[PDB]
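**Q** There's a structure below that I have some questions on.
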Amino acid sequence: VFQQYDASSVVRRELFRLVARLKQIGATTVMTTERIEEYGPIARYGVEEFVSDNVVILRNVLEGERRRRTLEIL
Amino acid sequence: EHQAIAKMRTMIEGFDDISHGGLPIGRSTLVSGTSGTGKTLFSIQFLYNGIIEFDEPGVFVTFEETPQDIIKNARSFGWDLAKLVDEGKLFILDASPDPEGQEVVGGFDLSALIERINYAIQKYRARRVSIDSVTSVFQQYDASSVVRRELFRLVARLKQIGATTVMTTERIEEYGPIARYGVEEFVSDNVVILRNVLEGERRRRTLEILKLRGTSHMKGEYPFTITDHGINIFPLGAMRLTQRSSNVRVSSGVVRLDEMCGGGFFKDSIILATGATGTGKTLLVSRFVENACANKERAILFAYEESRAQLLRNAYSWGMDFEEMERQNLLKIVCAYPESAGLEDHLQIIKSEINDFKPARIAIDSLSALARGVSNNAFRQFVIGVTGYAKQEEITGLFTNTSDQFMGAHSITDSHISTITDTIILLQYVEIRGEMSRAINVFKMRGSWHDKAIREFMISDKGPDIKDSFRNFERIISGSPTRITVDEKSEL
Amino acid sequence: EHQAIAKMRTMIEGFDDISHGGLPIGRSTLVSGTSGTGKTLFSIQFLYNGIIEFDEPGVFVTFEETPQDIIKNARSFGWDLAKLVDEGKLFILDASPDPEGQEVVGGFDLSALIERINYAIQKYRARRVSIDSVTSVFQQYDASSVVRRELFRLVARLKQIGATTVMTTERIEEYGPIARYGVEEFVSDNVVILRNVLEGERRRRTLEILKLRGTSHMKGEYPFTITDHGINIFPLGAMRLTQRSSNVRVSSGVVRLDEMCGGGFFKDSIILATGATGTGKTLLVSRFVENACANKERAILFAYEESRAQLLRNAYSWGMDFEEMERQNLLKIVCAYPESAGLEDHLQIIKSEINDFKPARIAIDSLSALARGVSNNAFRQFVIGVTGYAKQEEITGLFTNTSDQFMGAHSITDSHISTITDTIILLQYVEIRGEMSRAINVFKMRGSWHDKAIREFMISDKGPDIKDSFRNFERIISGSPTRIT
Ligand SMILES: Nc1ncnc2c1ncn2[C@@H]1O[C@H](COP(=O)(O)OP(=O)(O)OP(=O)(O)O)[C@@H](O)[C@H]1O
Ligand SMILES: Nc1ncnc2c1ncn2[C@@H]1O[C@H](COP(=O)(O)OP(=O)(O)OP(=O)(O)O)[C@@H](O)[C@H]1O
Ligand SMILES: Nc1ncnc2c1ncn2[C@@H]1O[C@H](COP(=O)(O)OP(=O)(O)OP(=O)(O)O)[C@@H](O)[C@H]1O
Ligand SMILES: Nc1ncnc2c1ncn2[C@@H]1O[C@H](COP(=O)(O)OP(=O)(O)OP(=O)(O)O)[C@@H](O)[C@H]1O
Ligand SMILES: [Mg+2]
Ligand SMILES: [Mg+2]
């Protein structure tokens, strides 16, 4: 969604707003994010990591031409 | 003052040792790390122990989490902040943004916030302050220089107020810049880094005090664990070589062994049993643990290779009833796969259980197994830890090691622990006439005389029977001997 | 002038050797490092030593820390800067900014400051100047080229004024660019890099003189330690091969051993005892430490494997009363886990205590335990250090090594220290008739004759009893001989 034309701080605020309203509503939510590096930043803007209560990382590691998927609760 | 800076104790286990007394009073300490490293917890524990142990009030400033959530999450450690809030010992000042909306909130910000803080500090007579993620504040639209100044402003004002502060920051790289802007590291007088390093697919949390302007402190990383009691750090390098040492003896559970050891093991001593798979290490352990019950003493057997059932089946087949030892409350078995945790975790589980059960003896069936995966240095560190704890605690410890190669093993340990051990019991296979027999040797014993024989031995339902040496053999040690003697008896 | 660039001593231990005399006079040296490397301490010690050893006044310009703080911090090292400021020998120029706030007072920037530093210099007749974190100043909003110019301007004015200056910078990568803007490197005449390298959860502080325009200096990184006395550097490559060498003998504490060594160890010598675990290295050490007390000489036993109490239990069980040696103030036991320090630190503790106690003998029980973790090269460097020190100080040193494999060991040392050593005593297990007997062998002795036999020996309460050689056996070195009839 902010992959429209945004910078880190704008993302942190918007996310926080959403998560926050959701918590008020009382909803249990799962929010999905993209990453480009298997071991780099947690998510794109290097800001979602700290704005959420829980973080789960799905990895699909290469290593020798085979692919291994791993799940981590960070 | 004409004195070098004084510290405030955090009471956070392990930390005051690493920091040589605590955090510098009146200054602020930057604590940064990646997501989920324990920043927020450190800061809460710092205020909490402040209140519960010195009756020093605390002000907790929050920029993102909600006071209700900060109180709610602390229940995870058995802490009632809501109570302390109530008794005016703790005051959470909410600095988070409202889920609705206003623009241009950078200016008045700092300043207002600062007197909000000053106001709260003055109001509750606070001694401790924690500001949770200052990072998130300029994460509004800023560049390094603007950050550097704002930080500086804040630290400064707080210094003036005279508050001892813990400030929290986020990082995105485990070994990348200290904190997001690459500027916070320098503005702060003290910097602490919490790491949650991956590796294998395991994670190891470490704490490092990078710098404390004015005083000394331990250097490097130290492994820690978050538990129901919060942050727990083990300064494995701060453990001193001052363990008590007696001349008291205790039994191995095998009389013949006891003789070989010049009258049983020393009470104060680390014993290591080694040898190829199937030798008889587990048998020796069982026997050593039983011996402490038959003498109505408590013993823990931490097993990393067999189930609690299997241990019981095999034990009973060697005589010894583990069932009874259990009921009688003299013997306690543990069991867990090496992989179900990190060495740091294991070490703590061990220590923890030693405290609830106060054993007189302890056995870890297979260090060799705990070495599975882990690096050698991480491992050696682990051994010194369990070993040294045992030693300073007057607990007799028997550790087991399976050698990677049966017969021909050229070193006592593959991980080179032999030096970290007082007595060494060696088990080996000896090929004698197309058959695999066993041999047992007391390779070494620090304070006694012990037997230098490589005695053969058998295993039955009665347990271990130690027979005689292989006198008429050369290359016993090699596992594949050779018999000698070329003169039976003839005439004059 | 017409001659060889003159240097001002820093008096910072070890630095003047590395820099071949000190900082070049009248020019400025850049000293950069990451957070907590000791930039600030260097720069203060340079001024403080100036004042206290040469009565050269100093000016310390601070852009971030507060003067009260600078003063407070120095108390860590037992230095009263407030006194020096009062006596007019030191002047701390506060250039930090207003916690309060304004943004239009420094529109006269570099220019103005340069005037106050010149005013201060003249006023206090300053010879040394330390500018702390110049970096932080343009960390206002600048680009590489702007920094290059300002720095140059400053360096230059100070050069004109004639002052010898220490300028401090910050870096973010231990081995990346030299300072923040990749520009200060080239504008200073001298560059000094302070590193706090991580590597294995341990930290190691290293100092490097990267360049000194116009003179020579030692190249590369040298380890150092920040202590109560401030920066301490050991230029391990600056130690010369000029140790004194006598023919005098001393006892090993074991007469028969003395015989085998052709009358004892040499006073000036480094003796190595190697052997599988449990062979008896520690018994020899005990015995060698005890012999120095019976002769009323001081000996230090640095122990890295056993507790002070255990050492005592086992020693007493071998005769010898370590208790008395202690009281009599003839013997001193240390004890520490290799893990409780870096080799650099360890080395220094050792030196340190040798200095406070002036021993005649010294025994390090298990060099092999100090090699735990560390790199071979880092470790060899350590050995040369302790060895060399004992050698030039006329102290007789007995060091221990446990070989990784009992029986069949194919080298004296796994770390290959043999050769840096004068005498090598060797202990090994020998399988004789289903039993594990021991054997001792004086493997090599540099200026003497020594016995070539591999004698069997026993350990009792009385101690080590060296018996006879296994004449009627082959492959004794294998550990598994072959009694030939
Ligand atoms: N009772 C507990 N037992 C063991 N682990 C705990 C327990 N409670 C919390 N944890 C662990 O501690 C973590 C909490 O981290 P914490 O809230 O301290 O702050 P953070 O990681 O520093 O910062 P943030 O999450 O605000 O980005 C959890 O991720 C979890 O792994
Ligand atoms: N009732 C019994 N009677 C005769 N021999 C037995 C009996 N029980 C076990 N054994 C023998 O003892 C061996 C078991 O080894 P033990 O349990 O002592 O541990 P270990 O050799 O130290 O370690 P690991 O089993 O993991 O290799 C078997 O290989 C077997 O020969
Ligand atoms: N008495 C002392 N004993 C041992 N170490 C000390 C003592 N006092 C201070 N230290 C150490 O020295 C360090 C001080 O470094 P210093 O203040 O010199 O400047 P810096 O690291 O160069 O720069 P910055 O201003 O970014 O912190 C501390 O991080 C600490 O490790
Ligand atoms: N009172 C004693 N009587 C007979 N032998 C003893 C006595 N005390 C120790 N020993 C023997 O001496 C050995 C002790 O070795 P020692 O303490 O000298 O150190 P080490 O072999 O050099 O090093 P490490 O113990 O670290 O392996 C034991 O293996 C044992 O056989
Ligand atoms: Mg087993
Ligand atoms: Mg020893």
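Residue names in the structure tokens use chain letters A, B, ... in the order shown, residue numbers from 1 in each chain, and ligand numbers from 1 in the order shown.
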Output the neighbourhood of ligand 5 as an mmCIF file with N, CA, C and O atoms, in the first residue's frame, that is, all protein and nucleic acid residues with some atom at most 10 Å from the ligand, counting only C-alpha atoms and all ligand atoms.
**A**
data_model
loop_
_atom_site.group_PDB
_atom_site.id
_atom_site.type_symbol
_atom_site.label_atom_id
_atom_site.label_comp_id
_atom_site.auth_asym_id
_atom_site.auth_seq_id
_atom_site.Cartn_x
_atom_site.Cartn_y
_atom_site.Cartn_z
ATOM 1 N N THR B 277 31.234 -45.879 22.225
ATOM 2 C CA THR B 277 29.829 -46.202 22.442
ATOM 3 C C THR B 277 29.703 -47.678 22.942
ATOM 4 O O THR B 277 30.434 -48.577 22.468
ATOM 5 N N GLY B 278 28.800 -47.906 23.918
ATOM 6 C CA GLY B 278 28.597 -49.237 24.467
ATOM 7 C C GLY B 278 29.598 -49.721 25.500
ATOM 8 O O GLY B 278 29.446 -50.811 26.009
ATOM 9 N N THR B 279 30.607 -48.909 25.798
ATOM 10 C CA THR B 279 31.623 -49.274 26.779
ATOM 11 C C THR B 279 30.993 -49.605 28.130
ATOM 12 O O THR B 279 31.018 -50.753 28.566
ATOM 13 N N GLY B 280 30.430 -48.600 28.783
ATOM 14 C CA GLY B 280 29.799 -48.787 30.069
ATOM 15 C C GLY B 280 29.729 -47.504 30.880
ATOM 16 O O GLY B 280 29.699 -47.536 32.114
ATOM 17 N N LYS B 281 29.703 -46.373 30.184
ATOM 18 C CA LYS B 281 29.639 -45.074 30.842
ATOM 19 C C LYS B 281 28.332 -44.905 31.600
ATOM 20 O O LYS B 281 28.323 -44.529 32.773
ATOM 21 N N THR B 282 27.226 -45.190 30.926
ATOM 22 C CA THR B 282 25.919 -45.067 31.528
ATOM 23 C C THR B 282 25.727 -46.003 32.718
ATOM 24 O O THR B 282 25.019 -45.701 33.679
ATOM 25 N N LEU B 283 26.397 -47.141 32.659
ATOM 26 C CA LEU B 283 26.327 -48.046 33.745
ATOM 27 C C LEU B 283 27.011 -47.367 34.907
ATOM 28 O O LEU B 283 26.433 -47.305 35.992
ATOM 29 N N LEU B 284 28.213 -46.832 34.703
ATOM 30 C CA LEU B 284 28.923 -46.206 35.815
ATOM 31 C C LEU B 284 28.154 -45.104 36.469
ATOM 32 O O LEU B 284 28.258 -44.922 37.684
ATOM 33 N N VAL B 285 27.403 -44.366 35.643
ATOM 34 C CA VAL B 285 26.588 -43.215 36.077
ATOM 35 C C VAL B 285 25.484 -43.623 37.007
ATOM 36 O O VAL B 285 25.291 -43.033 38.080
ATOM 37 N N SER B 286 24.732 -44.612 36.527
ATOM 38 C CA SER B 286 23.621 -45.198 37.232
ATOM 39 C C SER B 286 24.110 -45.601 38.608
ATOM 40 O O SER B 286 23.518 -45.227 39.653
ATOM 41 N N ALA B 303 20.127 -36.501 31.819
ATOM 42 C CA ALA B 303 20.387 -37.399 30.716
ATOM 43 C C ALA B 303 20.049 -36.770 29.398
ATOM 44 O O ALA B 303 18.958 -36.247 29.253
ATOM 45 N N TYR B 304 20.971 -36.849 28.430
ATOM 46 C CA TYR B 304 20.756 -36.265 27.098
ATOM 47 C C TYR B 304 20.763 -37.285 25.983
ATOM 48 O O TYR B 304 20.749 -36.923 24.827
ATOM 49 N N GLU B 305 20.810 -38.569 26.317
ATOM 50 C CA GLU B 305 20.802 -39.588 25.278
ATOM 51 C C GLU B 305 19.666 -40.601 25.380
ATOM 52 O O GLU B 305 19.253 -41.154 24.364
ATOM 53 N N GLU B 306 19.144 -40.822 26.587
ATOM 54 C CA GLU B 306 18.084 -41.820 26.803
ATOM 55 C C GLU B 306 16.788 -41.244 27.397
ATOM 56 O O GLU B 306 16.829 -40.228 28.058
ATOM 57 N N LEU B 311 16.048 -45.325 30.610
ATOM 58 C CA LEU B 311 16.987 -45.286 31.716
ATOM 59 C C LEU B 311 16.546 -46.234 32.811
ATOM 60 O O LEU B 311 17.373 -46.918 33.436
ATOM 61 N N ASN B 314 16.871 -50.172 31.583
ATOM 62 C CA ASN B 314 18.289 -50.530 31.612
ATOM 63 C C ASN B 314 18.907 -50.611 33.006
ATOM 64 O O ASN B 314 19.775 -51.446 33.286
ATOM 65 N N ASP B 365 24.745 -37.382 31.714
ATOM 66 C CA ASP B 365 25.094 -38.437 30.806
ATOM 67 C C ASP B 365 25.102 -37.898 29.435
ATOM 68 O O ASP B 365 24.071 -37.626 28.810
ATOM 69 N N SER B 366 26.365 -37.706 29.067
ATOM 70 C CA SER B 366 26.940 -37.226 27.829
ATOM 71 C C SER B 366 27.086 -35.770 27.565
ATOM 72 O O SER B 366 26.143 -35.124 27.155
ATOM 73 N N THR B 400 30.076 -37.624 31.493
ATOM 74 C CA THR B 400 30.277 -38.673 30.540
ATOM 75 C C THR B 400 30.720 -38.170 29.203
ATOM 76 O O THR B 400 30.328 -37.090 28.802
ATOM 77 N N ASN B 401 31.552 -38.938 28.512
ATOM 78 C CA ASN B 401 31.961 -38.565 27.142
ATOM 79 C C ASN B 401 32.119 -39.794 26.202
ATOM 80 O O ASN B 401 32.857 -40.760 26.454
ATOM 81 N N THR B 402 31.385 -39.780 25.124
ATOM 82 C CA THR B 402 31.526 -40.868 24.187
ATOM 83 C C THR B 402 32.571 -40.422 23.140
ATOM 84 O O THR B 402 32.401 -39.400 22.506
#
**Q** For region 285-289 of chain C, list every protein, DNA or RNA residue within 12 Å, evaluated using only C-alpha atoms, and leave out those in the same chain fewer than 6 positions away; present the list as a PyMOL selection string.
**A** chain C and resi 250-255+257-258+264-265+271-274+295-303+311-322+325-326+330-333+359-366+396-401+425+462-464
**Q** May I ask you to extract the residues of chain B within 7 Å of chain C, using only C-alpha atoms, and to give them as number ranges by chain?
**A** B: 3-4, 145, 153, 156-157, 177, 185-186, 210-211, 213-215, 219-221, 237-238, 240-245, 377, 410-412, 416, 418-420, 444, 446-447, 452-454, 469-476
**Q** Find the residues near region 52-55 of chain A: any atom within 8 Å, counting only C-alpha atoms, skip ones fewer than 5 places away on the same chain, and give them as a list in words.
**A**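 Here the qualifying residues turn out to be residues 16, 19, 73 and 74 of chain A.
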**Q** Determine which residues of region 314-456 of chain C DSSP labels as strand (DSSP E or B) from the backbone of this structure, then write them out as a PyMOL selection string.
**A** chain C and resi 317+319+331-333+361-365+396-402+423-432+435-445+455-456
**Q** Write the residues of the preceding selection, restricted to N, CA and C atoms, as a short mmCIF file (atom, residue, chain, number, x, y, z; two decimals), in the first residue's frame.
**A**
data_model
loop_
_atom_site.label_atom_id
_atom_site.label_comp_id
_atom_site.auth_asym_id
_atom_site.auth_seq_id
_atom_site.Cartn_x
_atom_site.Cartn_y
_atom_site.Cartn_z
N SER C 317 49.46 -32.97 49.66
CA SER C 317 49.45 -34.42 49.57
C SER C 317 50.72 -34.95 48.91
N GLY C 319 53.68 -33.62 50.01
CA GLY C 319 54.68 -33.13 50.94
C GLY C 319 54.46 -31.65 50.77
N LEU C 331 56.20 -17.12 48.54
CA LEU C 331 55.42 -17.66 47.44
C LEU C 331 54.07 -16.96 47.25
N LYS C 332 53.69 -16.68 46.02
CA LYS C 332 52.46 -16.00 45.70
C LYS C 332 51.72 -16.79 44.63
N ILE C 333 50.47 -17.14 44.91
CA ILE C 333 49.63 -17.87 43.97
C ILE C 333 48.63 -16.96 43.27
N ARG C 361 61.68 -16.81 40.54
CA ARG C 361 61.11 -17.88 39.74
C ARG C 361 59.67 -17.58 39.41
N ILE C 362 59.21 -18.18 38.35
CA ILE C 362 57.86 -17.93 37.99
C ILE C 362 57.44 -19.19 37.31
N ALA C 363 56.22 -19.66 37.59
CA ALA C 363 55.67 -20.88 36.95
C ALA C 363 54.28 -20.61 36.41
N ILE C 364 54.05 -20.90 35.15
CA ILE C 364 52.75 -20.66 34.60
C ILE C 364 52.23 -22.03 34.39
N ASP C 365 51.27 -22.44 35.21
CA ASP C 365 50.74 -23.76 35.02
C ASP C 365 49.65 -23.76 33.95
N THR C 396 63.80 -16.95 36.33
CA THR C 396 63.77 -18.31 35.79
C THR C 396 62.32 -18.77 35.60
N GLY C 397 61.91 -19.08 34.37
CA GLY C 397 60.54 -19.47 34.16
C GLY C 397 60.21 -20.90 33.77
N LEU C 398 59.33 -21.51 34.54
CA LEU C 398 58.87 -22.85 34.27
C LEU C 398 57.43 -22.81 33.69
N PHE C 399 57.23 -23.15 32.41
CA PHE C 399 55.91 -23.15 31.81
C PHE C 399 55.49 -24.56 31.48
N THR C 400 54.19 -24.79 31.62
CA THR C 400 53.58 -26.06 31.42
C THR C 400 52.75 -26.21 30.14
N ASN C 401 52.75 -27.39 29.54
CA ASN C 401 51.91 -27.64 28.37
C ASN C 401 51.30 -29.07 28.42
N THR C 402 50.00 -29.14 28.22
CA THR C 402 49.34 -30.42 28.20
C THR C 402 49.09 -30.71 26.72
N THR C 423 64.93 -25.06 27.70
CA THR C 423 64.90 -26.43 28.18
C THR C 423 63.53 -27.13 28.10
N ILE C 424 63.50 -28.33 27.54
CA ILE C 424 62.23 -29.02 27.42
C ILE C 424 62.23 -30.31 28.16
N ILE C 425 61.51 -30.36 29.27
CA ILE C 425 61.33 -31.60 30.07
C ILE C 425 60.11 -32.34 29.49
N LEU C 426 60.22 -33.61 29.19
CA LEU C 426 59.07 -34.26 28.61
C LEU C 426 58.46 -35.45 29.37
N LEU C 427 57.19 -35.39 29.77
CA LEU C 427 56.53 -36.51 30.49
C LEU C 427 55.58 -37.33 29.63
N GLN C 428 55.71 -38.64 29.64
CA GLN C 428 54.80 -39.52 28.84
C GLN C 428 54.39 -40.80 29.53
N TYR C 429 53.21 -41.28 29.15
CA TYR C 429 52.71 -42.55 29.65
C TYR C 429 53.36 -43.65 28.83
N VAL C 430 53.61 -44.79 29.44
CA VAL C 430 54.15 -45.93 28.72
C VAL C 430 53.38 -47.13 29.19
N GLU C 431 52.84 -47.88 28.25
CA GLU C 431 52.07 -49.07 28.59
C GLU C 431 52.99 -50.22 28.83
N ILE C 432 53.08 -50.63 30.10
CA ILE C 432 53.96 -51.71 30.50
C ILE C 432 53.16 -52.76 31.26
N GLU C 435 49.60 -51.95 32.45
CA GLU C 435 49.62 -50.80 33.33
C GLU C 435 50.15 -49.53 32.65
N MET C 436 49.78 -48.41 33.25
CA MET C 436 50.15 -47.12 32.77
C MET C 436 51.26 -46.59 33.65
N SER C 437 52.50 -46.75 33.21
CA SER C 437 53.57 -46.13 33.95
C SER C 437 53.92 -44.79 33.29
N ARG C 438 54.73 -43.99 33.97
CA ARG C 438 55.14 -42.68 33.50
C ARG C 438 56.65 -42.73 33.13
N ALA C 439 57.09 -41.74 32.38
CA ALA C 439 58.49 -41.65 32.02
C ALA C 439 58.77 -40.16 31.89
N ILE C 440 59.98 -39.78 32.26
CA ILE C 440 60.36 -38.40 32.17
C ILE C 440 61.61 -38.41 31.31
N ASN C 441 61.80 -37.33 30.55
CA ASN C 441 62.92 -37.22 29.66
C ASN C 441 63.36 -35.80 29.50
N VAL C 442 64.64 -35.50 29.71
CA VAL C 442 65.06 -34.12 29.45
C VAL C 442 65.28 -34.13 27.95
N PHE C 443 64.30 -33.67 27.19
CA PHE C 443 64.38 -33.64 25.71
C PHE C 443 65.49 -32.79 25.10
N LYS C 444 65.63 -31.58 25.60
CA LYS C 444 66.70 -30.70 25.16
C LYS C 444 67.06 -29.67 26.24
N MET C 445 68.33 -29.24 26.27
CA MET C 445 68.80 -28.23 27.21
C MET C 445 69.86 -27.43 26.50
N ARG C 455 63.65 -42.11 31.44
CA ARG C 455 63.51 -42.81 32.72
C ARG C 455 62.08 -42.98 33.22
N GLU C 456 61.77 -44.15 33.76
CA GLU C 456 60.44 -44.33 34.30
C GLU C 456 60.44 -43.68 35.64
#
**Q** Looking at B:35, B:329, B:403, B:62, which one is nearest to residue 43 (chain A), with distances taken over only C-alpha atoms?
**A**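 When distances to residue 43 (chain A) are compared using only C-alpha atoms, the smallest one comes from B:35.
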**Q** Quick one: residues within 12 Å of residue 59 (chain A), only C-alpha atoms, excluding same-chain residues fewer than 2 positions away - as a PyMOL selection string?
**A** (chain A and resi 34-40+42-43+56-57+61-62+67-73) or (chain B and resi 201)
**Q** What does the file look like for those residues with N, CA and C atoms, as a PDB file, in the first residue's frame?
**A**
ATOM      1  N   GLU A  34       6.589  -8.038   3.058  1.00  0.00           N
ATOM      2  CA  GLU A  34       7.586  -8.576   2.181  1.00  0.00           C
ATOM      3  C   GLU A  34       8.977  -8.167   2.606  1.00  0.00           C
ATOM      4  N   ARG A  35       9.989  -8.971   2.273  1.00  0.00           N
ATOM      5  CA  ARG A  35      11.405  -8.728   2.545  1.00  0.00           C
ATOM      6  C   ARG A  35      12.163  -9.074   1.283  1.00  0.00           C
ATOM      7  N   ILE A  36      13.325  -8.489   1.040  1.00  0.00           N
ATOM      8  CA  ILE A  36      14.032  -8.880  -0.179  1.00  0.00           C
ATOM      9  C   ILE A  36      15.211  -9.795   0.078  1.00  0.00           C
ATOM     10  N   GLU A  37      15.743  -9.722   1.278  1.00  0.00           N
ATOM     11  CA  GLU A  37      16.919 -10.496   1.641  1.00  0.00           C
ATOM     12  C   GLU A  37      16.506 -11.577   2.661  1.00  0.00           C
ATOM     13  N   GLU A  38      16.932 -12.826   2.471  1.00  0.00           N
ATOM     14  CA  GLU A  38      16.562 -13.910   3.412  1.00  0.00           C
ATOM     15  C   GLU A  38      17.046 -13.718   4.849  1.00  0.00           C
ATOM     16  N   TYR A  39      18.197 -13.052   5.014  1.00  0.00           N
ATOM     17  CA  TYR A  39      18.732 -12.735   6.355  1.00  0.00           C
ATOM     18  C   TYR A  39      18.958 -11.247   6.656  1.00  0.00           C
ATOM     19  N   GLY A  40      18.444 -10.352   5.834  1.00  0.00           N
ATOM     20  CA  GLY A  40      18.644  -8.939   6.112  1.00  0.00           C
ATOM     21  C   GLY A  40      17.631  -8.321   7.057  1.00  0.00           C
ATOM     22  N   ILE A  42      14.102  -7.225   8.720  1.00  0.00           N
ATOM     23  CA  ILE A  42      12.931  -8.053   8.917  1.00  0.00           C
ATOM     24  C   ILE A  42      11.935  -7.804   7.823  1.00  0.00           C
ATOM     25  N   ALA A  43      11.640  -6.550   7.555  1.00  0.00           N
ATOM     26  CA  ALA A  43      10.682  -6.232   6.504  1.00  0.00           C
ATOM     27  C   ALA A  43      11.191  -5.037   5.738  1.00  0.00           C
ATOM     28  N   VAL A  56       6.714 -12.772  13.129  1.00  0.00           N
ATOM     29  CA  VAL A  56       7.031 -14.101  12.607  1.00  0.00           C
ATOM     30  C   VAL A  56       7.766 -13.977  11.262  1.00  0.00           C
ATOM     31  N   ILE A  57       8.887 -14.640  11.130  1.00  0.00           N
ATOM     32  CA  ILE A  57       9.574 -14.612   9.875  1.00  0.00           C
ATOM     33  C   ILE A  57       9.540 -15.960   9.095  1.00  0.00           C
ATOM     34  N   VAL A  61      15.150 -20.481   2.367  1.00  0.00           N
ATOM     35  CA  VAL A  61      16.566 -20.415   2.075  1.00  0.00           C
ATOM     36  C   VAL A  61      17.122 -21.254   0.957  1.00  0.00           C
ATOM     37  N   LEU A  62      17.968 -20.610   0.175  1.00  0.00           N
ATOM     38  CA  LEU A  62      18.613 -21.360  -0.884  1.00  0.00           C
ATOM     39  C   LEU A  62      19.653 -22.364  -0.355  1.00  0.00           C
ATOM     40  N   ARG A  67      15.896 -25.855  -1.712  1.00  0.00           N
ATOM     41  CA  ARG A  67      15.318 -24.779  -0.962  1.00  0.00           C
ATOM     42  C   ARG A  67      14.753 -25.349   0.311  1.00  0.00           C
ATOM     43  N   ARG A  68      14.994 -24.655   1.414  1.00  0.00           N
ATOM     44  CA  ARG A  68      14.516 -25.055   2.714  1.00  0.00           C
ATOM     45  C   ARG A  68      13.688 -23.901   3.311  1.00  0.00           C
ATOM     46  N   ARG A  69      12.434 -24.198   3.634  1.00  0.00           N
ATOM     47  CA  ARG A  69      11.591 -23.190   4.254  1.00  0.00           C
ATOM     48  C   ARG A  69      11.663 -23.342   5.758  1.00  0.00           C
ATOM     49  N   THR A  70      11.726 -22.218   6.462  1.00  0.00           N
ATOM     50  CA  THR A  70      11.802 -22.261   7.912  1.00  0.00           C
ATOM     51  C   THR A  70      10.861 -21.226   8.381  1.00  0.00           C
ATOM     52  N   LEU A  71      10.312 -21.413   9.583  1.00  0.00           N
ATOM     53  CA  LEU A  71       9.418 -20.408  10.167  1.00  0.00           C
ATOM     54  C   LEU A  71      10.071 -19.975  11.484  1.00  0.00           C
ATOM     55  N   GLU A  72      10.053 -18.695  11.849  1.00  0.00           N
ATOM     56  CA  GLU A  72      10.659 -18.336  13.154  1.00  0.00           C
ATOM     57  C   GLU A  72       9.761 -17.407  13.868  1.00  0.00           C
ATOM     58  N   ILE A  73       9.570 -17.625  15.166  1.00  0.00           N
ATOM     59  CA  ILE A  73       8.824 -16.610  15.889  1.00  0.00           C
ATOM     60  C   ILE A  73       9.970 -15.799  16.492  1.00  0.00           C
TER      61      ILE A  73
ATOM     62  N   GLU B 201      20.216 -22.589  13.494  1.00  0.00           N
ATOM     63  CA  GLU B 201      18.926 -22.064  13.263  1.00  0.00           C
ATOM     64  C   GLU B 201      18.622 -21.824  14.727  1.00  0.00           C
TER      65      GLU B 201
END
**Q** Mind listing as a list in words which residues of chain B are within 6 Å of chain A, counting only C-alpha atoms?
**A**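 Contact residues on the first chain: residues 99, 139, 140, 141 and 172 of chain B.
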**Q** Tell me, as an NGL selection string, which residues lie within 8 Å of region 183-195 of chain C, counting only C-alpha atoms; anything in the same chain fewer than 2 positions away does not count.
**A** :C and (27-34 or 37-39 or 144-145 or 147-148 or 151-152 or 155 or 174 or 178-181 or 197 or 204-213)
**Q** Please, what distance in Å, to one decimal, runs between CA of residue 361 (chain B) and CA of residue 396 (chain B)?
**A**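 Those two atoms sit 4.8 Å apart.
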**Q** Interatomic distance between atom 30 (C, counted along the ligand's line) of ligand 4 and CA of residue 393 (chain B)?
**A**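 Atom-to-atom, atom 30 (C, counted along the ligand's line) of ligand 4 and CA of residue 393 (chain B) are spaced 24.1 Å apart.
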**Q** In Å, rounded to a single decimal, give me how far CA of residue 130 (chain B) is from CA of residue 59 (chain B).
**A**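 Going from CA of residue 59 (chain B) over to CA of residue 130 (chain B), I get 6.6 Å.
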**Q** Just asking: which residues within region 334-384 of chain C are alpha helix (DSSP H) according to DSSP, as a ChimeraX atom specification?
**A** /C:343-357,367-370,376-384
**Q** Residues at most 10 Å from ligand 1, using only C-alpha atoms and all ligand atoms? Could they come as number ranges by chain?
**A** A: 47-55, 73-74; B: 31-45, 63-65, 70, 73-78, 132-133, 168-171, 194-196, 225-231
**Q** Tell me which of B:1, B:17, B:86, B:422 sits closest to ligand 6, counting only C-alpha atoms and all ligand atoms.
**A**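 Looking at the shortest contact to ligand 6, the residue is B:422.
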